[PDB]
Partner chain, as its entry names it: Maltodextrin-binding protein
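First, one chain by itself in structure tokens, the form deposited without its partner chain.
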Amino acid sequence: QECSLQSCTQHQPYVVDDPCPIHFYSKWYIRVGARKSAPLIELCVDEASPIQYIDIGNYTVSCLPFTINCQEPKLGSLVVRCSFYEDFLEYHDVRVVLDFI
């Protein structure tokens, strides 16, 4: 149950500081409604993992590095999943929250 508080300028691009340990693999998600029993929507799916989610709005500026238009997401919470192994069977989640300058 870790939290990552970061600061950026509202409505401007912000390269999100990845709070996963170094050399961990990370996947970025929206947790719908910030409800833990709700779906985790994966962001920045290149193709195909199985479902690609595209955003109507401008939340995502870039997927490399993961860069957002500095704002709190309304659909749910911004969560990063950290895993040492590529299969992601053992992992930990960190929620990312913004203070605005």
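Positions refer to the first chain, counted from 1. Just so we're on the same page, rigid core means the largest C-alpha set that superposes within 1.5 Å between forms.
Per the record, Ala48 and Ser49 are separated by 1 to 3 deposited residues that have no coordinates.
Higher mean CA temperature factor, per the PDB entry, when comparing 80 to 88 with 14 to 22: 80 to 88. Stretches compared: 71 to 79, 23 to 31. Higher mean C-alpha B-factor in the entry: 23 to 31. The entry lists a Cα temperature factor for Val96 that places it in the lowest third of the chain's modelled residues. Compared with the other modelled residues of the chain, the Cα B-factor recorded for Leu5 ranks in the middle third.
Just so you know, the form deposited with its partner chain bound exists too; it's not on screen, but the next bit is about it.
Shown alone here, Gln71 lies farther than 4.5 Å from its partner chain in the entry with it bound, counting heavy atoms only. Proximity of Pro39 to its partner chain in the entry with it bound: non-hydrogen atoms within 4.5 Å are absent; the residue sits far from the partner. Along 84 to 99, these residues reach a heavy atom to within 4.5 Å of its partner chain in the entry with it bound: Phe84, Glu86, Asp87, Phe88, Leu89, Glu90, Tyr91. A displacement of less than 2 angstroms separates the C-alpha positions of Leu64 between this form and the one not shown, with the rigid core held in common. The rigid-core alignment places the CA of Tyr25 less than 2 Å apart between this form and the one not shown.
Core-superposed comparison between this form and the one not shown: CA of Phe84 displaced by less than 2 Å.
Whereas the shown form places them at one spacing, the Cα atoms of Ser62 and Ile54 lie at least 3 Å farther apart in the entry with it bound.
Note: the CA-CA distance for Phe84 and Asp87 contracts in the entry with it bound relative to this form, by 3 angstroms or more.
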